[PDB]
Structures are given as C-alpha cells and as structure tokens.
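Enquirer:
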Amino acid sequence: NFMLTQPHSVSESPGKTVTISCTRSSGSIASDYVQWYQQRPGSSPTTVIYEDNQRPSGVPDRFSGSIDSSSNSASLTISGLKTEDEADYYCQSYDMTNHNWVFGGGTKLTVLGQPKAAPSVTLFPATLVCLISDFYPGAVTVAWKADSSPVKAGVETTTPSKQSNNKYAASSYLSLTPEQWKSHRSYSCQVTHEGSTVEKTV
Amino acid sequence: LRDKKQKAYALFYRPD
Amino acid sequence: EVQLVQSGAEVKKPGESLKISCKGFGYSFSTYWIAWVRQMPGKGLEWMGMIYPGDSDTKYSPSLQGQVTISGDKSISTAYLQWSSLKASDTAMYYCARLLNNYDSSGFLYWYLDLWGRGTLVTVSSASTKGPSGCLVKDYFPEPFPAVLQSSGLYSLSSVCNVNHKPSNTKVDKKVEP
C-alpha cells in the first residue's frame, strides 16, 4: 500500500513546457505501471499516458511520460503548451497486494493568459467568513488556525470560480459555536497562492 | 520477480 | 461508434437504495473490464472497482467495506453499481470506463481506459426547500460570491442588501451598519 502525491497547481505561459510530478510514498515507482489521465472542466477523464510512457492514439507527442527511480516519481511533460491543455491531471498506479488502483490527488494545470495576481483576503467575524478574491491563477489553499492549533472541522471552502474579469474568487466559511469564538483569543485564515501566504486574523 | 507486464497480465488477462 | 451510456442523474436521500447502470454499445461487452471511478464534487478521482462481465469477475476498492455492489448482465451488455443504503458522503459523479486491451509492438498485451461514460451525477441530500437567513446569506435550498454547498446540503454565500429567494418566496432587505 502506497500513496501518490501530486502538486496542487502548476502554471506556465503558452508555447513553453511544463512538468507534473507524482511521487510514490513507499516501494519503487518502477515496480508498477503508471497512467496519466486528463480531465477538462465539465468533461469525463481521458488517458493521456499509460504504461509509464505510452500514448494512446490521438494524443500528440508533446505529451510524454517518464519515470525517475532515484526520486521514486513519475512525470508528465507537456511541450508547446496550448490553451486547450488547461485541465486537471491525475497519476495512477497499481497495488498488487490487493489489486487496488491508487490515484494521485490531482494537479490543476493553468495556461497563463494574463499576469499572475495575488489574492485579496478579507476576514469577517458563529461563522467566520474568509473571502478571497481577485487572484490568478485560480488555485488557493485555505487553512484555519485557532491560535496555534490547526483545525479542519467545520470548514466549507468554495472551488475557485471565474470572475467577470477572467480572474478567480473563492470563499471559506468556518462554522463554530459562540463558545468557541469567545473561548480562544483569535482565529486566523491563511490563503496560500503561488507559494505566498496571506494571513488575516480576528 | 514479475516485471510490469507480468503484473498487468496477473491483473487483467483472461483466456479466450 | 463504440459508446458507454450511463443512467441519468439521480437526486436521492439518505437511506434510499440506488442502482446506476452503464451499457456498452458497438463492441463485445463481455470481453472487456468495466471500471467504476468516483469523483466527489471539487475533488479527485477514486477507483471503486472493476467487473469482467464475461464471467462477472469482480474487484473492489479496500475502502468500500461492503456498502456497494458491482454487478453485470451481459445479455444486455450492462454493468451496475448498487447502493443498499445511500449516505450523504456518497454524493459524487460516477464514471464507468472500458479497459481496452490491444497488442503492442512487442507482441504483448497492454491495458488502459480508452472509453468513458459521461458520468452519473448522484446527489444525496436531506435538504428541503428553505428560505435564507457585508451580508451573509445562510442556509437556503434551492439555489438561487458563489455559494458554498455546506455539509448540511444547504447553500450559503456572501455579497460585498436586498436578497430574494423565489423558490421559497422570501424577500429580505437587511440594513448593515457598524
């Protein structure tokens, strides 16, 4: 039994090349075949790579698959990036002890059409409303911290949605009892975007 | 032991 | 020509059984594996199992713990995914896919999912028609910043106020001041 970890988001301008890597937690990545699936918005997935590096008919050669045993990773490389490649990509392998299929968490590939934008964060104070707005690419990670202890219960986060200006917006809600609000000294919303964290506290 | 092809056969092969 | 047709969307409630289908057209249904992939809204792909319809030989994900059944009727070239008792967590899109197998340039066989259905959307919510409660619209079903579909099955959004919910016939004008 193993896991396949994938970056949440990657981005690049049209025409250049991107790589999405998929690290296996235990055992050799080269002991079991690796497949890569593509899923555009509102569409069913399709296989772009199978058996590590084989491409099904109709998939161009700008898509290529590789295996690095030293890092225990598989990689999907897309050259000559086109706007139609914007999509979620998934790696997948097999666990022979139970014949199970293990999938990666998925990676959203955005083809940069406009300059990157940092997220504007606003934390309203029981339900805490962390509004995140006017950011590009459309991928953020929200983390709620009560003082110093992490919290993952009672969190409802939107999926980023295209704004009117072709930028993205999202919102997170942390539901709590009035006692939880009055008990702690402060709560904090942390928005991670392109490796930069914006933290607001109340 | 089994290479990747033998594992795929073990997973999916069916005699017809 | 070859296609997989999945049953239409289903909106059910907890405790209801369910049985969704996946019929193959244009090929020998009984000689290819049919796999079921779950995708909960806004999340990643999850493999739930496989059935070889020729002999109805089934494989399951370790994490199903008997909740669901994967079956087949090859007289009508159909595969089935079945729930005895639905739960809110089961809300998701459910794809079926054919495991194609051809011969490579080496003479050996290879397998991969070449053919997909459009997916059956299964919503499992207890939410009844309710009116709602900057401003913070809270718990309003059915819709209509985009709204979050909370774990309670109800929607909530925020606008940065005059709110109108015709499904419940609720018009509320709130006055915001420090």
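Protein chains in written order, with PDB author numbering: chain Y, 1 to 9, 11 to 30, 30A to 30B, 31 to 66, 66A to 66B, 67 to 95, 95A to 95B, 96 to 106, 106A, 107 to 119, 130 to 206; chain Z, 165 to 180; chain X, 1 to 52, 52A, 53 to 82, 82A to 82C, 83 to 100, 100A to 100I, 101 to 120, 139 to 149, 166 to 181, 196 to 213.
By construction, the Cβ of each residue, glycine as well, lies at the ideal position given by its N, Cα and C atoms.
To the nearest angstrom, report how far apart X/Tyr90 and X/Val5 are at their CA atoms.
Expert: Near 12 Å, if we compare the C-alpha coordinates of X/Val5 and X/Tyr90.
Enquirer: Please state if the CB of Y/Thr145 and the CB of Y/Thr196 are separated by a distance shorter than 8 Å.
Expert: Taking 8 Å as the Cβ cut-off, Y/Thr196 and Y/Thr145 qualify as a contacting pair.
Enquirer: Report all residues from its chain with a CB closer than 8 Å to the CB of X/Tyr100H; omit the five preceding and five following residues, and keep chain order.
Expert: So the list reads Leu95 and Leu96, once near-sequence residues are dropped.
Enquirer: For a cutoff of 8 Å on Cβ pairs, would you count X/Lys58 as touching chain Y?
Expert: Interface residue, yes.
Enquirer: Going by the beta-carbon positions, is the gap between X/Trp36 and X/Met48 smaller than 8 Å?
Expert: Result yes, Cβ atoms of X/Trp36 and X/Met48 sit closer than 8 Å.
Enquirer: Check whether chain Z comes within 8 Å of Y/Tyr32, counting only Cβ atoms and requiring the distance to be less than that.
Expert: By this cut-off, Y/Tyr32 is an interface position.
Enquirer: Do you know offhand how far X/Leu178's Cα is from X/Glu10's?
Expert: Their Cα atoms are separated by approximately 25 Å.
Enquirer: Work out the CA separation of X/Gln39 and Y/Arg25 for me, nearest whole Å.
Expert: Each residue's alpha carbon lies about 21 Å from the other.
Enquirer: Compare the C-beta of Y/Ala173 against all C-beta atoms of chain X and say whether one is closer than 8 Å.
Expert: So yes, Y/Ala173 belongs to the interface.
Enquirer: Name the chain Y residues that come within less than 7 Å of X/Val181, Cβ to Cβ?
Expert: Per Cβ cutoff of 7 Å: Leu135.
Enquirer: Between the C-alpha atoms of Y/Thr46 and Y/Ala174, what's the straight-line distance to the nearest angstrom?
Expert: About 30 Å.
Enquirer: Check the Cβ-Cβ distances between X/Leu100E and every residue of chain Z, and say whether any is below 8 Å.
Expert: Closer than 8 Å: yes.
Enquirer: Assuming Z/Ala174 is part of the alpha helix (DSSP H), what are its boundary residues?
Expert: First-last of the alpha helix (DSSP H) with Z/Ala174: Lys168 to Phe176.
Enquirer: Which residues does DSSP pair with Y/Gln108 in a beta bridge?
Expert: According to DSSP, Y/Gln108 bridges with nothing at all.
Enquirer: Can you grab the Cα-Cα spacing for the pair X/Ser62 / X/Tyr52, in whole Å?
Expert: Their Cα atoms are separated by approximately 20 Å.
Enquirer: Establish whether the CB of X/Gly53 and some CB of chain Z are separated by less than 8 Å.
Expert: Output row for X/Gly53: interface = yes.
Enquirer: Tell me the DSSP secondary structure of X/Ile51 in three-state form.
Expert: Strand at X/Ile51.
Enquirer: Beta carbons nearer than 7 Å to chain Y: which residues of the segment 33-49 of chain X have them?
Expert: Here the close residues are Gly42, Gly44, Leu45, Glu46 and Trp47.
Enquirer: Are Y/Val106 and Y/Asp92 closer than 8 Å when you measure CB to CB?
Expert: No, they are not a contact pair.
Enquirer: Alpha carbons only, please: which of Y/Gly16, Y/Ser14 and Y/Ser22 is nearest the one belonging to Y/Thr5?
Expert: Residue Y/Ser22 is the option with its Cα nearest to Y/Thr5.
Enquirer: Looking only at its chain, what residues have a beta carbon closer than 6 Å to the beta carbon of X/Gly15, apart from the 5 residues adjacent to it on each side?
Expert: Excluding sequence neighbours, X/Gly15 sits near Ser82B.
Enquirer: Looking at the ligand SAH, does it come within less than 7 Å of Y/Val155, judged from the CB to the closest heavy atom?
Expert: With respect to the ligand SAH, the structure offers nothing, as it holds no ligand at all.
Enquirer: So, do the segment 72-82 of chain X and the segment 130-148 of chain Y have three or more beta carbon pairs nearer to each other than 8 Å?
Expert: In short, these stretches do not touch, since the Cβ pair count stays below three.
Enquirer: Using a Cβ-Cβ cut-off of 8 Å, state whether X/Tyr176 counts as contacting chain Y.
Expert: With 8 Å as the cut-off, X/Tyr176 does not count as an interface residue toward chain Y.
Enquirer: So with Cβ pairs under 8 Å, would you call Y/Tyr86 a contact of chain Z?
Expert: It does not: the Cβ of Y/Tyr86 has no partner Cβ on chain Z nearer than 8 Å.
Enquirer: For Z/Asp180, which residues in chain X fall below 7 Å Cβ to Cβ?
Expert: What Z/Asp180 touches in chain X: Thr31.
Enquirer: Is X/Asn98 close to chain Z, meaning its C-beta is less than 8 Å from at least one C-beta of that chain?
Expert: Chain Z contact via Cβ: absent.
Enquirer: If you count every other CB in all the chains shown that lies within 10 Å of the CB of X/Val181, and 16 or more means buried, which is it?
Expert: Label assigned to X/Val181: exposed.
Enquirer: Under a CB-based cut-off of 8 Å, is X/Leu95 close to chain Z?
Expert: Yes, X/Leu95 counts as interfacial toward chain Z.
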